[PDB]
Amino acid sequence: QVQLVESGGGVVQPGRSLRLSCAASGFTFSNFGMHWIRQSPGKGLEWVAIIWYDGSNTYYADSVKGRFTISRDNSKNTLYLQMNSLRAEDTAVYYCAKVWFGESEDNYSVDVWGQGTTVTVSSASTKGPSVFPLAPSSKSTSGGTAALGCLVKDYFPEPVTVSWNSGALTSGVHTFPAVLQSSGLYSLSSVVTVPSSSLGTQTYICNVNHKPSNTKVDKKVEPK
Amino acid sequence: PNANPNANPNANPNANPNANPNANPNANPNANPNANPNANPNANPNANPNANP
């Protein structure tokens, strides 16, 4: 069927430039106009730009007008978006989208969305996380169930992966979504409920992995 | 049985300000059949961006 594949996203310092691409397949790309639409937690869904099938007419949102340039290569079936003078608030997930087919006098929007590529505009430098144990004790025990975890603090950028006992422990695991701090570093927690009768004897180790920095940390959580 | 020529010739403020649901719903044949000079002269952003085909 119809398929759209975005590429080019990543971490970029403010003031620099970045070029996103969108590979289209399953249809005649040169016969359809295209949209770029971005989504952020602060603003929700937000349209960015539109281009005609032949590139003759282009439109941009007011917040990005004069900075972004949309283009296309119908011989390569590729859609491009050159983003210059990026600001911090441009951090979002960017989708390319295909205009639907309709009547000559109707209005138009998009029917098929791409996969999406994440763009994070921040002046923070790449930094590995600090892994601290959330040690269970009498104050974190209710009945026969206890809770333990790992705090993954002060890392940049996203994402990080957390496993327990090399993946052997998945029942009762809750990995919270990361939160962005005032320092531009992310932080999250991962918790797990275990039988209280196993505390002090069963070993629990959290394995944090960050491929962009090749960080691998195995932190053992011991009771107090 | 005639009309009082000195009666109220003004417009009753406490009259019916709503719309008349039984009024004329048809299209007026002898209405403005020409184009409007001060219509929209700008291109439509959400017009057809594809081929005919």
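Heads up, chain B uses Swiss-Prot numbers, so what you see runs 180-232.
Technique stated in the header: electron microscopy, 3.4 Å.
A Cβ is built for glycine as well, from the same backbone N, Cα and C atoms used for every other residue.
Here is what Swiss-Prot says about this protein:
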| type | residues | note |
| --- | --- | --- |
| REPEAT | B:181-184 | repeat '21' |
| REPEAT | B:185-188 | repeat '22' |
| REPEAT | B:189-192 | repeat '23' |
| REPEAT | B:193-196 | repeat '24' |
| REPEAT | B:201-204 | repeat '26' |
| REPEAT | B:205-208 | repeat '27' |
| REPEAT | B:209-212 | repeat '28' |
| REPEAT | B:213-216 | repeat '29' |
| REPEAT | B:217-220 | repeat '30' |
| REPEAT | B:221-224 | repeat '31' |
| REPEAT | B:225-228 | repeat '32' |
| REPEAT | B:229-232 | repeat '33' |
Chain residues outside the repeat '27' (B:205-208) and at least six past its termini with a C-beta under 8 angstroms from it: none
Tally of residues which DSSP labels helix, strand or coil - the repeat '33' (B:229-232): 0 helix, 0 strand, 4 coil
